[PDB]
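Residue numbers (the authors' numbering): 149 to 246. Idealized CB from N, CA, C, for every residue including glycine. One structure is given here, and the rest of the page talks about it.
Written out as C-alpha coordinates, the structure is:
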(Lines of atoms letter the chains of each structure in order from A and count residues from 1; the text may use other names and numbers.)
(Lines give C-alpha, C1' and ligand atoms only; values in the text may rest on other atoms or scores of the structure.)
Protein backbone atom coordinates (compact mmCIF):
# COMPACT_ATOMS: atom_id res chain seq x y z
CA UNK A 1 0.00 0.00 0.00
CA UNK A 2 2.88 2.37 0.70
CA UNK A 3 4.51 1.09 -2.50
CA UNK A 4 1.52 2.18 -4.57
CA UNK A 5 1.14 5.26 -2.37
CA UNK A 6 4.60 6.74 -2.93
CA UNK A 7 4.46 5.21 -6.39
CA UNK A 8 1.48 7.51 -6.91
CA UNK A 9 3.52 10.32 -5.34
CA UNK A 10 6.09 9.57 -8.03
CA UNK A 11 3.22 9.75 -10.52
CA UNK A 12 2.50 13.24 -9.22
CA UNK A 13 6.00 14.15 -10.41
CA UNK A 14 5.04 12.42 -13.66
CA UNK A 15 1.70 14.10 -14.30
CA UNK A 16 2.29 17.60 -12.90
CA UNK A 17 5.35 18.57 -14.92
CA UNK A 18 4.09 16.28 -17.70
CA UNK A 19 1.21 18.73 -18.04
CA UNK A 20 3.35 21.75 -17.12
CA UNK A 21 5.60 21.35 -20.14
CA UNK A 22 2.67 21.15 -22.57
CA UNK A 23 0.96 24.15 -20.99
CA UNK A 24 4.32 25.95 -21.07
CA UNK A 25 4.95 25.46 -24.79
CA UNK A 26 1.21 25.84 -25.42
CA UNK A 27 1.10 29.31 -23.86
CA UNK A 28 4.47 30.03 -25.50
CA UNK A 29 3.64 29.25 -29.13
CA UNK A 30 -0.04 30.18 -28.88
CA UNK A 31 1.05 33.54 -27.47
CA UNK A 32 3.54 33.58 -30.35
CA UNK A 33 0.60 33.03 -32.71
CA UNK A 34 -1.21 35.82 -30.86
CA UNK A 35 1.63 38.21 -31.70
CA UNK A 36 1.79 36.68 -35.19
CA UNK A 37 -1.73 37.94 -35.92
CA UNK A 38 -0.74 41.54 -35.12
CA UNK A 39 0.83 42.70 -38.39
CA UNK A 40 -0.05 41.87 -41.96
CA UNK A 41 1.20 38.29 -42.14
CA UNK A 42 0.37 35.56 -44.63
CA UNK A 43 -1.89 32.94 -43.06
CA UNK A 44 0.14 29.99 -44.38
CA UNK A 45 3.21 31.20 -42.47
CA UNK A 46 1.08 31.12 -39.32
CA UNK A 47 0.10 27.62 -40.44
CA UNK A 48 3.82 26.82 -40.52
CA UNK A 49 4.18 28.13 -36.96
CA UNK A 50 1.07 26.04 -36.30
CA UNK A 51 2.59 22.86 -37.80
CA UNK A 52 5.87 23.33 -35.97
CA UNK A 53 3.77 23.90 -32.88
CA UNK A 54 2.07 20.57 -33.49
CA UNK A 55 5.53 19.03 -33.76
CA UNK A 56 6.31 20.54 -30.36
CA UNK A 57 3.03 19.37 -28.78
CA UNK A 58 3.18 15.83 -30.15
CA UNK A 59 6.96 15.62 -29.73
CA UNK A 60 7.17 16.85 -26.11
CA UNK A 61 3.95 14.93 -25.40
CA UNK A 62 5.47 11.70 -26.74
CA UNK A 63 8.62 12.27 -24.70
CA UNK A 64 6.18 12.48 -21.81
CA UNK A 65 4.47 9.33 -23.12
CA UNK A 66 7.57 7.12 -23.18
CA UNK A 67 8.17 8.28 -19.61
CA UNK A 68 4.57 7.34 -18.81
CA UNK A 69 4.86 3.82 -20.20
CA UNK A 70 8.45 3.27 -19.10
CA UNK A 71 7.82 4.68 -15.63
CA UNK A 72 4.58 2.75 -15.18
CA UNK A 73 6.35 -0.24 -16.74
CA UNK A 74 8.73 -0.15 -13.76
CA UNK A 75 5.71 -0.45 -11.47
CA UNK A 76 4.25 -3.23 -13.61
CA UNK A 77 7.43 -5.29 -13.38
CA UNK A 78 7.49 -4.62 -9.65
CA UNK A 79 3.94 -5.94 -9.37
CA UNK A 80 5.11 -8.81 -11.58
CA UNK A 81 8.25 -9.45 -9.52
CA UNK A 82 9.14 -13.07 -8.70
CA UNK A 83 12.39 -15.13 -8.62
CA UNK A 84 13.90 -16.83 -11.73
CA UNK A 85 12.59 -13.96 -13.85
CA UNK A 86 15.18 -13.17 -16.50
CA UNK A 87 15.72 -9.42 -16.93
CA UNK A 88 17.80 -7.99 -19.77
CA UNK A 89 17.33 -4.23 -20.01
CA UNK A 90 20.07 -3.28 -17.46
CA UNK A 91 18.74 0.33 -17.25
CA UNK A 92 15.36 -0.73 -15.95
CA UNK A 93 17.50 -2.94 -13.74
CA UNK A 94 19.27 0.21 -12.53
CA UNK A 95 15.77 1.63 -12.07
CA UNK A 96 15.32 -1.29 -9.71
CA UNK A 97 18.72 -0.62 -8.13
CA UNK A 98 18.21 3.03 -7.16
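- Query: Would you say residue 162 and residue 215 are within 8 Å of each other, going by their C-beta atoms?
  - Reply: In the chain shown, the residue the question calls residue 162 occupies position 14. In the chain shown, the residue the question calls residue 215 occupies position 67. Contact: yes.
- CB-CB under 6 Å to residue 155, same chain, minus the five flanking residues each way: which ones, in chain order? Working through the chain shown from its first residue, we reach residue 155 at position 7. Same-chain partners within the cutoff: 223.
- Outcome for residue 166 when other beta-carbon atoms lying within 10 angstroms are tallied against a minimum of 16: Indexing the chain shown from 1 puts residue 166 at position 18. Flag for residue 166 reads buried.
- Neighbourhood of residue 170 by C-beta distance below 8 Å, restricted to the same chain and skipping five residues each side: Along the chain shown, one-based indexing puts residue 170 at 22. These residues qualify, in order along the chain: 205, 208, 209, 212.
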